[PDB]
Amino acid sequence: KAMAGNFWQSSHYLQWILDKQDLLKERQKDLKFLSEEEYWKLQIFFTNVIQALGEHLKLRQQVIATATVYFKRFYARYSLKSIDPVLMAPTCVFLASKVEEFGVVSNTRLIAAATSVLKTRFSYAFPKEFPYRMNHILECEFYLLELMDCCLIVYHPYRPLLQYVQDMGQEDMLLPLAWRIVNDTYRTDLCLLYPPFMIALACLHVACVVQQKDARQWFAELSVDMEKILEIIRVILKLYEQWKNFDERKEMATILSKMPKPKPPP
């Protein structure tokens, strides 16, 4: 697979691992309208929309992950008012699917997929049907590609996680859960702040704690900043407490109404 071993000389690493301080500063413009809690709930919501779009279109998890990263990268710089996220989500799926070599999902199929996932699975957030046609998707794709500075190849924690568990000799025991925890980390900013292997290690650690598996010697035998991994484990643990206390289906209609809205021309 192309550029498999190029992370440390890649655009992902050299341009798209951000400082947390810069991120939260750029976030302040949407925080005039939304609370911090509400902004994160929004992040979760649209991680599920993208996942649902992916599943409907029958895309592999890696294509869904790349599309989720493109969306994250776009709103890491710009405000939610700049382009409607309901248009951006499926545009990210459309572009990601071309890069990762699934194919150009047909006009009819992309728009029918967007329409149908929102109607059947997200009616609690959206009363009205999906309003965008393909001319809108095509336009948005151009803006997305420019904002990302044409950086399309994205690395994820699934491949390193696979390598780590194979080395342990615990594929069947741990991989199901650790792979599940990696999916959940996309509900957070982690992929914008840490190299993918570090996220892999954190998820595999939490899978080990949950399944009562002693992996202390294995982790110790690694040459990694074990403090950086403790930071990621903390965000994972915090995320599952937000999950418990968050009723997405009661809250999102009101949260989405508080989003700053795109101004039309004069």
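If you superpose the two forms and keep the largest set of C-alpha atoms that fall within 1.5 Å, you have the rigid core. All residue numbers are counted from 1 along the displayed sequence.
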**Message:** Aligning on the core, I want to see which stretch wanders more in 9 other deposited structures of this protein. Is it 104-112 or 176-184 by C-alpha RMS?
**Reply:** 104-112
**Message:** Rigid core superposition, C-alpha RMS per stretch in 9 other deposited structures of this protein: which comes out larger, 134-142 or 94-102?
**Reply:** 94-102
**Request:** Identify the stretch, either 64-72 or 36-44, whose C-alpha atoms have the larger mean B-factor according to the entry.
**Result:** 36-44
**Prompt:** Comparing 127-135 with 82-90, where is the mean C-alpha B-factor higher?
**Reply:** 127-135
**Given 239, 230, 49, 203, the residue at which the Cα B factor reaches its maximum** = 230
**Asked** Highest Cα B-factor in the deposition, which of 188, 183, 97, 106?
**Response** 106
**Message:** Looking at the temperature factor on the CA atom of residue 21, which third of the chain's modelled residues does it land in?
**Reply:** highest
**Fill in**
Of the three thirds of the chain ranked by Cα temperature factor, residue 168 occupies the highest
**Message:** Can you tell me whether residue 155 has a C-alpha B-factor in the lowest, middle or highest third compared with the other modelled residues of the same chain?
**Reply:** lowest
**Fill in**
Sorting the chain's modelled residues by C-alpha B-factor and splitting them into thirds places residue 257 in the highest
**Request:** Consider only the C-alpha atoms of the modelled residues in this chain, order them by B-factor as the entry records it, and name the third containing residue 102: lowest, middle or highest.
**Result:** highest
